[PDB]
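Trainee: The structure is given below, and queries will be raised subsequently.
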Amino acid sequence: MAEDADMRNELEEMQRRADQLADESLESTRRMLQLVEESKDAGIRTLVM
Amino acid sequence: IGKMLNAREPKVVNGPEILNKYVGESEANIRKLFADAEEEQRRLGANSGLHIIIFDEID
């Protein structure tokens, strides 16, 4: 031999990102954490009143 | 003798079977034999069963 090979290689990016907006789905599921608590919080105390 | 005194198993290798043109690949195929022993030794101290190695030809 008396052989040195030092090499590099390249990447294939994974799928599932047609557009970044997809993470806005998380902004949705934030909102259905946002839009859920006050329903019961006023529901049970609406039963109280 | 592995059967005589129980090791986990023999992993047998041949010398010429691990040699890589690339610089760093010819030492790691050796160390992957001993890692399996190193784990058990550190974990279970000094009453562990043998991790046994065999080289078909080292020469």
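Chain labels follow the order of the structure tokens: the first chain is A, the next B, and so on; residue numbering restarts at 1 in every chain, and ligands are counted from 1 in their shown order.
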Return as JSON lines the residues of chain A lying at most 12 Å from chain B, together with the closest atom-to-atom pair for each and the distance in Å to one decimal, counting only C-alpha atoms, with rows in chain order and ascending residue number.

Mentor:
```
{"residue": "A:1", "atom": "CA", "partner": "B:21", "partner_atom": "CA", "distance": 7.5}
{"residue": "A:2", "atom": "CA", "partner": "B:21", "partner_atom": "CA", "distance": 9.4}
{"residue": "A:3", "atom": "CA", "partner": "B:21", "partner_atom": "CA", "distance": 6.9}
{"residue": "A:4", "atom": "CA", "partner": "B:23", "partner_atom": "CA", "distance": 6.5}
{"residue": "A:5", "atom": "CA", "partner": "B:22", "partner_atom": "CA", "distance": 5.8}
{"residue": "A:6", "atom": "CA", "partner": "B:22", "partner_atom": "CA", "distance": 7.4}
{"residue": "A:7", "atom": "CA", "partner": "B:22", "partner_atom": "CA", "distance": 9.1}
```

Trainee: Residues at most 10 Å from residue 9 in chain B, counting only C-alpha atoms, excluding those fewer than 6 positions away in the same chain, as an mmCIF file with C-alpha atoms, in the first residue's frame?

Mentor:
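And here is the file that came out, out_7.cif:
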```cif
data_model
loop_
_atom_site.group_PDB
_atom_site.id
_atom_site.type_symbol
_atom_site.label_atom_id
_atom_site.label_comp_id
_atom_site.auth_asym_id
_atom_site.auth_seq_id
_atom_site.Cartn_x
_atom_site.Cartn_y
_atom_site.Cartn_z
ATOM 1 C CA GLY B 2 -14.781 -22.365 25.180
ATOM 2 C CA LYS B 3 -17.194 -25.199 25.766
ATOM 3 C CA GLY B 49 -17.469 -14.817 32.347
ATOM 4 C CA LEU B 50 -14.871 -14.844 29.638
ATOM 5 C CA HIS B 51 -15.164 -12.897 26.452
ATOM 6 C CA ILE B 52 -12.943 -15.047 24.267
ATOM 7 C CA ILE B 53 -11.295 -14.096 20.984
#
```

Trainee: By how many Å are CA of residue 13 in chain B and CA of residue 57 in chain B apart?

Mentor: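 Value for the CA of residue 13 in chain B-CA of residue 57 in chain B distance: 8.3 Å.
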
Trainee: Can you pull out every residue from chain A that DSSP, working from the backbone, puts in helix (DSSP H, G or I), and format the result as a list in words?

Mentor: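 Output for chain A, helix (DSSP H, G or I) only: residues 20, 21, 22, 23, 24, 25, 26, 27, 28, 29, 30, 31, 32, 33, 34, 37, 38, 39, 40, 41, 42, 43, 44, 45, 46, 47 and 48 of chain A.
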